[PDB]
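Working notes, structure below.
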Amino acid sequence: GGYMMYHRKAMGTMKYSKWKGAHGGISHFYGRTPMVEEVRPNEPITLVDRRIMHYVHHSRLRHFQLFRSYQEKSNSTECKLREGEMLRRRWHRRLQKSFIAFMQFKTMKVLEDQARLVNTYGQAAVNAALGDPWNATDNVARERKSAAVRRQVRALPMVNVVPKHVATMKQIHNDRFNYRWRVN
Amino acid sequence: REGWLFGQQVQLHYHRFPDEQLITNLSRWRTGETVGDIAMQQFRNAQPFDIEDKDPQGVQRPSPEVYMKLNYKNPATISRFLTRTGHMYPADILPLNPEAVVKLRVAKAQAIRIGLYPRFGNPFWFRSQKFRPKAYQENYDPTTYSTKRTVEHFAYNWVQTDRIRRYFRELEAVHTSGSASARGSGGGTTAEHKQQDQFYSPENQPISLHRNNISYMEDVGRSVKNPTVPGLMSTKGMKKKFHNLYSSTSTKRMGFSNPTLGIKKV
Amino acid sequence: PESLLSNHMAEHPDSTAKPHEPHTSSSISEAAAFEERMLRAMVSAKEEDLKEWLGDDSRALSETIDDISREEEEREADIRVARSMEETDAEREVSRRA
Amino acid sequence: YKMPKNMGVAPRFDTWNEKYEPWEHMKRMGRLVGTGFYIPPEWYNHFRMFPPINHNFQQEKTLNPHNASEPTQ
Amino acid sequence: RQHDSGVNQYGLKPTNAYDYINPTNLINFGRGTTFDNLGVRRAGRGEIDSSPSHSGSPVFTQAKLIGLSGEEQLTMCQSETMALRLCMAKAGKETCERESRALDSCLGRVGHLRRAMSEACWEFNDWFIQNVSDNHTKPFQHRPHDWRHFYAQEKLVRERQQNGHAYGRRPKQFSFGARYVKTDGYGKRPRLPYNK
Amino acid sequence: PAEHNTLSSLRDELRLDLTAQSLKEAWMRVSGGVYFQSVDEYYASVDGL
Amino acid sequence: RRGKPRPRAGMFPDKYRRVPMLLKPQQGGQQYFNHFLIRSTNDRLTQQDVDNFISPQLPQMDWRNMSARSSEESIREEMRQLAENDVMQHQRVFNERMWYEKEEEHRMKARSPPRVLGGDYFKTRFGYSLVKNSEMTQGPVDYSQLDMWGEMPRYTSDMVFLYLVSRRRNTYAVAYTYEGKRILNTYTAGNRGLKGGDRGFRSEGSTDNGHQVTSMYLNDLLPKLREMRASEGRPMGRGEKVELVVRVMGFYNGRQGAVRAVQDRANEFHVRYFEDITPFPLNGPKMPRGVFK
Amino acid sequence: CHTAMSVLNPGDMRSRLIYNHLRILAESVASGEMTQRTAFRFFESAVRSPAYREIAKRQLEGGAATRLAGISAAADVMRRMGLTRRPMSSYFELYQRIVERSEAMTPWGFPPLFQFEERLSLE
Amino acid sequence: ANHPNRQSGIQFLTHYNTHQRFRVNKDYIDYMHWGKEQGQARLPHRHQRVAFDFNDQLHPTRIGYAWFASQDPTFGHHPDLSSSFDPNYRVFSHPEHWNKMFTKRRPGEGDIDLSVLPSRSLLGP
RNA sequence: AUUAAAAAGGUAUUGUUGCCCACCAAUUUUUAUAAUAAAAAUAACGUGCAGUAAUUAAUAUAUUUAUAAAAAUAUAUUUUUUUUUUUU
RNA sequence: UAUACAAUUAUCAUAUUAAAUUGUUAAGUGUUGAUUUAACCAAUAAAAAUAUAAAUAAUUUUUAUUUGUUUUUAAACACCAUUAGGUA
Ligand SMILES: [Mg+2]
Ligand SMILES: [Mg+2]
Ligand SMILES: [Mg+2]
Ligand SMILES: [Mg+2]
Ligand SMILES: [Mg+2]
Ligand SMILES: [Mg+2]
Ligand SMILES: [Mg+2]
Ligand SMILES: [Mg+2]
Ligand SMILES: [Mg+2]
Ligand SMILES: [Mg+2]
Ligand SMILES: [Mg+2]
Ligand SMILES: [Mg+2]
Ligand SMILES: [Mg+2]
Ligand SMILES: [Mg+2]
């Protein structure tokens, strides 16, 4: 029978089944395409893919799509799950702020420590320890140091991990990325 | 009793009173250690950042001009408020003045049915990045819910301290040992030190203190990788058993055994 | 117009059309325009810096990415599953009667 | 039905202050000493003539954060 | 005196009438319990019932905060390891130990960095216990039923719009394409419940 | 803090006055990296002076 | 011991616990210590033979320079100097990053009366108050920041569209001519064997299956492509790549591996555009009912 | 320590009035005649001077006085009362306990429940 | 009262037409976003209070300094004279103004009346 | 030369070898007698295993189904256990 | 046998000052086939997005009006039965 595109049985391969829509070039997906990336010359498409997937996963879009596209759930269970999600979020936010309000204190104590180092060894000395080019006679030394800093600052492409999808038996959640039990 | 922000039972601060740096450091102060002291100056009255959302739900976002273009005919300005898929952000992620939300969902609707915006996807996604506050990991915004960035800067500054410490331990080391190139037999040596300390010991010049040393080094050339022919016993055809392998006794005192460990899948 | 020419040509090749260029107008001299050229090339330079470094050669990068994906695959395979995933229906029914 | 662990020993968050407030001890001790059968402790011998401040009220009884309750703090 | 006012000789000192009928509550709060451990309901650390609480739900994610041992965990050195990996993959004729030296330097520092972060985090656990945590004494805020009153306020509104009638009522879900499959004269969109 | 040069380097010219700061930067230039916690530590290093 | 596993080595008390620390290892050879000491000492003297700030400064003789500092010119100068440094510094200790930015800007800059409008004038201009605060660039605005199709794919009559669809228990790949004609059939994780009567369903839609399938498909895809091109007279004899658009569906494990099997073909296939078409359900017909709801 | 460091603006602590308040309350915390909480709330609620806040606007900006008078008085009281067998110990301990707390995050604020004796306590 | 929708309590000290706060059909309160400055979310807002504390300020008299000429020349703006003070001021409450009940609570959804918050659009001016 | 700690439910009450649920016989007693009346006491026999987050979580309404607890579906819901993107 | 509810906050069935109601959009063919499922069996598969303001407060609507059951499958999903169909 007619299935939607995100349906389980959507694109079937069988003797009866035949795919629907213009399937190439200007296609069935014409204005329905969620992402587009022009591949930068000499860039493997694996970085492209892992960037896309990290994006979708961190913003909880792949969560949503997996969730809704597998089973039906009544508007009550959907509400319960979404608002539960959002309230757990709220709680953990109010935890993060506490942690952060402490870590800014820690960072302060560190900077203070740095001040005490300053008036033990004198300011200029401390600056020397931190990579100040006081030994730079001419610009060529400067350009060596700054060439070093350039070769550091240039960012090698980050390969960001995407948690695998866990296929369980009757699939209570197809959002399952871990083996922990969940409240449905 | 609860503070509003994270529910703290106190009001946050670092210092309060005018005297505390003095009184804490008092012996140093009479001594006169504290004269050029920049630690008792810089941080003396230093207080915590304001970590607060002045807009918990932004009535500020967007600034006024933007509203003009939140209509159906500005695909770009629609796009700066969506995800890269075109969906809206949940309220507690990207908060918007309710006017903007109305105008925006209406806009995307209209634009879609007129063919001026795609049913999925954000066509302006890259162009719009200027308008979003992309936050560099190198700057620090005192207000973030990012717990990573905070600890990153903590790391950074602490390591900036460690650098100093290491610089000045290797310096004084270099001068204690370089004094020997300055004075060979000049002085600093006791007769009793000649008795006790001139013998080999673990602090002086031990042989090696650890198992698996390197003995018998030679210049011989590398061999061909995998010179060894596979054994006659097939490791491939054997199946690995973990849980039931040995016999165990359960320390479970009372109650039914947890159904998630065993008796569940997978 | 130049943004659309690729797809127009790809859909109906037989169709003949020209890339349409706006009528040009110059502010000041060719000097201020050459300075506009320096500005656009400089912005393309800060953006050429910021965009991606991508090392040097492609295949040498792809090898690394695929390697670390593999290592993550086999550090994953060592995680404990849940009891329910692991056991058959046999022992489920056994524990049920029990 | 799961509940936060220590709810058994949970303090009364409105009234747990009352017990400790200076006026209460002033009154109680006041009618204890009045009996003639109790030797007054010395703090009473003192605050007898310097009774504590009137209008300092807790935030528990008055639910106002903006009320500046104490002349001191 | 020699110890706490909330704890007498035989256990927690029983103030409310619940303690006198149920005096198991005085001497046993769990399997992390000791006798000095009464009245301090949280037990030691690394110990059973040592976890601090935030608005009643316990804090079991601490390491995940400072980014030690988490999936989202903070990584110190990336550029190095990538650089070195690139070196290994490119060619075998030239071998660069320069990269491996920059990297092993990086690691050598990383160790002390991590011990520092851990120490600072334990100080955070201490501070959080002193000045924030309620010690599991307040009602959970983190699940929707705890907020029932909030939702009630919304149901009430949709009722007063309906002439103060249908509480908890919602529009009948129609069909995937109810609007275009129905003939003139039948409702093509879901109405307010009172409007039925 | 006031009148405190925050960016000062060792190739900066020596300040004229005697302050813990000026003297410590000076000493860094003269002795190299020799630094002692207190005066009796210096008298320790010179041994009998 | 008995029907139970042996303890790990670290669970036994130390094997040498009864041997004193001076015995492990023995420091023998003490006889030689003194010898080498003398030796080294001797060598030091040898190394001198190869090879081989307390300038009294009187404070009275400086006086001329001090008198130079009593002049109000030099004090005007120290005033200007100290008033320029008195603005609040945000710098604190020396920073590498900011130094680098500073000097990079110095390299970039080395490579490099009319009546004041009063408050009343800006009282009368409503526009100006809105220009000062506006986000909108004033001047000629770049057109590439307007047009809809600026950031979007640009196709060609010769392009091949590769479909990688990752499903939950399955993965498959297909390829299509730009004009929509199907090239090769759909190679599927269950079509290639690789699926049934086997290890389990858990691993059926896994990464490595997607890889097996895609890498099996491309292998069979090249020759048929060269035949379909030989039919219209496009030889593509040598030194050519197929310009490919990879369209990926599904957010399932089998996706990762799939694209990897494209990336190792980079010497044959050239990917211009990577765009994923993944259906999103705003709402629609009911999905099949699961267990709980 | 609490009376010294935990109270913004406890008047001028050298004056014989407030000084006597503190003295009496101290002798009442020793010898167990009062709870610590009760004696603290007694101290901060004690009678000082009419229009107290508005005289406080003529000295303090944010209402935080200087802490020297507090510590000198608090040591004085322990000396004049016979609190310790050896005289110095009073001053030393009162000083030391403050110096250690100086390093703590939000050092001079306290949660009201844990600040003093209550049913549930800290370890 | 443990019944939901009865949580707002019995307050007499409000200005509404019932002493039972939870039968009042005018202002429905918001338990999640309210009560930063007022303490509990039940209690009346700073500007609507009909009962006043000892050490707390009472309402500002609205103006809508010239008239202090006889006073201390330095005396600044009197703390109780305000330019904008509205005893009738609608505070944004989600369950009233943004009501997500008839929806699945997805990001854009819920019905909104804009008559509450003053328009920050540039369209008006 | 391949390690463990910290969050959790009980209709039981020395506590799962714990309790309980309906039909299926006798009898007792009131009545507003619907396949075979209804309701209440009740300690047999025989089915099972419905419930105590309890072997596909429960609860309420709705509709269907039926040896018996009950089960299927449509909605609301926690007297069910939680897992937490402030524009990437 | 007679011999003193509450009226400041009490969850199952006696509602009541309220602004709604109406919108014609989307989606579909290339070709030789193991899709879905823990597992069975029937067997073309794609899809249906836009509205605020405004309506005045109370005093005789209680036989009135009102609280998710709905024509059209020659349109599907979904659900129920099991290849015959029901329902949607
Ligand atoms: Mg059919
Ligand atoms: Mg339960
Ligand atoms: Mg318990
Ligand atoms: Mg416990
Ligand atoms: Mg009868
Ligand atoms: Mg009967
Ligand atoms: Mg059962
Ligand atoms: Mg059941
Ligand atoms: Mg059950
Ligand atoms: Mg039920
Ligand atoms: Mg049955
Ligand atoms: Mg039922
Ligand atoms: Mg059910
Ligand atoms: Mg009734």
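Cβ sites come from the backbone with ideal geometry, for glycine too, and all protein chains shown count toward neighbours. Every number in this text was worked out from the coordinates using simple rules, so none of it is lab data.
Can H:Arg37 be described as within 10 Å of another protein chain (Cβ to nearest Cβ) and either outside any loop (DSSP other than H, G, I, E, B) or within 30 Å of A:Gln104 (Cβ to Cβ) (or both)?
So H:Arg37 passes the test.
Is region D:54-69 home to any residue that is more than 7 Å from every other protein chain (Cβ to nearest Cβ), more than 16 Å from ligand 3 (Cβ to nearest atom) and not in a loop (DSSP other than H, G, I, E, B)?
no
State whether the residues of region D:11-19 include one that is within 16 Å of RNA strand J (Cβ to nearest atom), within 14 Å of chain E (Cβ to nearest Cβ) and in a loop (DSSP other than H, G, I, E, B).
no
Enumerate the pairs (first residue in region E:55-73 and at the interface with another protein chain (Cβ under 7 Å from one of its Cβ atoms) and in a helix (DSSP H, G or I); second residue anywhere and crowded, with 20+ Cβ neighbours inside 10 Å and polar (S, T, N, Q)) with beta-carbon separation below 9 Å, excluding pairs fewer than 6 apart on the same chain, so at least 6 apart or on different chains.
Here the result reads E:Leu65/B:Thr147; E:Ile66/B:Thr147, each pair linking region E:55-73 to a residue that is crowded, with 20+ Cβ neighbours inside 10 Å and polar (S, T, N, Q).
Pull up region B:7-47, narrow it to residues that are closer than 30 Å to E:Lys138 by Cα and out of contact with any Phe, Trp or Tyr (no Cβ under 9 Å at 6 or more places or on another chain), then point me to the one that is surrounded by the fewest Cβ atoms within 10 Å (Cβ to Cβ).
Per the criteria, the residue is B:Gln11.
Among the candidates A:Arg116, A:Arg150, single out the residue that is within 14 Å of chain F (Cβ to nearest Cβ) and in contact with a helix residue (DSSP H, G or I) (Cβ under 9 Å, 6 or more places away or on another chain).
When all the criteria are applied, what remains is A:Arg116.
Report, by residue number, each residue of region G:17-28 that is of a type outside the set (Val, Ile, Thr) and either outside any loop (DSSP other than H, G, I, E, B) or surrounded by 10 or more Cβ atoms within 10 Å (Cβ to Cβ) (or both).
Passing the criteria: G:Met21, G:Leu22, G:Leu23, G:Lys24, G:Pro25, G:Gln27.
Does B:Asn213 count as assigned to a loop (DSSP other than H, G, I, E, B) and more than 16 Å from ligand 4 (Cβ to nearest atom)?
When the stated conditions are applied, B:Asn213 passes them.
Just need a number here: residues in region C:50-98 that are under 20 Å from the mean Cα position of the chain (by Cα) and within 14 Å of chain B (Cβ to nearest Cβ).
Total satisfying the criteria: 3.
Go through region E:9-35 and count every residue that is charged (D, E, K, R) and away from chain D (no Cβ under 11 Å).
1
Polar (S, T, N, Q) and either in contact with a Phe, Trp or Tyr (Cβ under 9 Å, 6 or more places away or on another chain) or part of a loop (DSSP other than H, G, I, E, B) (or both): which single residue out of G:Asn209, G:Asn185, G:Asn219 fits that description?
G:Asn185
From the list B:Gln160, B:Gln137, which one is more than 14 Å from chain F (Cβ to nearest Cβ) and assigned to a helix (DSSP H, G or I)?
Only one candidate qualifies: B:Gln160.
Search region A:162-184 for residues being surrounded by 16 or more Cβ atoms within 10 Å (Cβ to Cβ) and either β-branched (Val, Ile, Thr) or within 16 Å of ligand 3 (Cβ to nearest atom) (or both), and hand back the single one that is nearest to the chain's Cα centre (by Cα).
A:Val162
Being assigned to a helix (DSSP H, G or I) and within 14 Å of chain B (Cβ to nearest Cβ): is that true of C:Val43 here?
When the stated conditions are applied, C:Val43 passes them.
Which residues, counting only those in region A:126-151, are part of a helix (DSSP H, G or I) and exposed (fewer than 14 other Cβ atoms within 10 Å of the Cβ)?
A:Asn139, A:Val140, A:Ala141, A:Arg144, A:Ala147, A:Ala148, A:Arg150, A:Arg151
So, in region E:180-193, exactly how many residues are near RNA strand K (Cβ under 6 Å from one of its atoms) and out of contact with any helix residue (DSSP H, G or I) (no Cβ under 7 Å at 6 or more places or on another chain)?
Residues in region E:180-193 being near RNA strand K (Cβ under 6 Å from one of its atoms) and out of contact with any helix residue (DSSP H, G or I) (no Cβ under 7 Å at 6 or more places or on another chain): 9 in total.
Which of the residues that make up region A:31-83 are more than 7 Å from chain G (Cβ to nearest Cβ), more than 16 Å from the chain's Cα centre (by Cα) and over 22 Å from A:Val166 (Cα atoms)?
Scanning region A:31-83 gives A:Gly31, A:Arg40, A:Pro41, A:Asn42, A:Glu43, A:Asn75, A:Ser76, A:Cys79, A:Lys80, A:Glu83.
Hey, among E:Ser53, E:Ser105, E:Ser100, which residue is within 11 Å of RNA strand J (Cβ to nearest atom) and small (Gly, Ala, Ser)?
Answer to the check: E:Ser53.
Just name the residue that is farthest from ligand 4 (Cβ to nearest atom) out of those in region D:1-16 that are under 13 Å from H:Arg119 (Cα atoms) and surrounded by 14 or more Cβ atoms within 10 Å (Cβ to Cβ).
D:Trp16
May I ask you to verify whether F:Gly33 is within 18 Å of A:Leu130 (Cα to Cα), out of contact with any strand residue (DSSP E or B) (no Cβ under 7 Å at 6 or more places or on another chain) and within 12 Å of chain B (Cβ to nearest Cβ)?
The answer is yes for F:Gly33.
So in region D:1-27, with the set limited to residues that are closer than 23 Å to E:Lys13 by Cα and of a type in the set (D, E, K, R), which one is nearest to ligand 3 (Cβ to nearest atom)?
D:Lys5
Take the residues in region D:20-30 that are surrounded by 12 or more Cβ atoms within 10 Å (Cβ to Cβ) and charged (D, E, K, R); name whichever of them is nearest to RNA strand J (Cβ to nearest atom).
Top of the filtered list is D:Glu21.
Among the residues of region G:264-285, are any surrounded by fewer than 13 Cβ atoms within 10 Å (Cβ to Cβ), part of a loop (DSSP other than H, G, I, E, B) and within 12 Å of chain A (Cβ to nearest Cβ)?
Yes, region G:264-285 has at least one match.
Please go through region F:10-30 and pick out each residue that is more than 10 Å from chain B (Cβ to nearest Cβ), part of a loop (DSSP other than H, G, I, E, B) and over 20 Å from B:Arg165 (Cβ atoms).
Within region F:10-30, F:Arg11, F:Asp12, F:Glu13, F:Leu14, F:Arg15, F:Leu16, F:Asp17, F:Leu18 qualify.
For every residue, the table says whether it meets (1) assigned to a strand (DSSP E or B); (2) away from ligand 4 (no atom under 16 Å from the Cβ); (3) within 14 Å of chain E (Cβ to nearest Cβ); (4) among the basic types (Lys, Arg).
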position: I:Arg21; (1), (2), (3), (4): no, yes, yes, yes
position: I:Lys26; (1), (2), (3), (4): no, yes, yes, yes
position: I:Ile29; (1), (2), (3), (4): no, yes, yes, no
position: I:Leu43; (1), (2), (3), (4): no, yes, no, no
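With the structure loaded, tell me whether G:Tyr163 is surrounded by 18 or more Cβ atoms within 10 Å (Cβ to Cβ) and within 12 Å of another protein chain (Cβ to nearest Cβ) or whether it fails that test.
In short, yes.
Need the failing condition index for A:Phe105 against (1) farther than 30 Å from E:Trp122 by Cβ; (2) out of contact with any helix residue (DSSP H, G or I) (no Cβ under 8 Å at 6 or more places or on another chain); (3) more than 11 Å from RNA strand J (Cβ to nearest atom), just the number.
(1)
For residues in region A:84-110 being polar (S, T, N, Q) and closer than 19 Å to B:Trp4 by Cβ, which is nearest to the chain's Cα centre (by Cα)?
Here the residue is A:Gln96.
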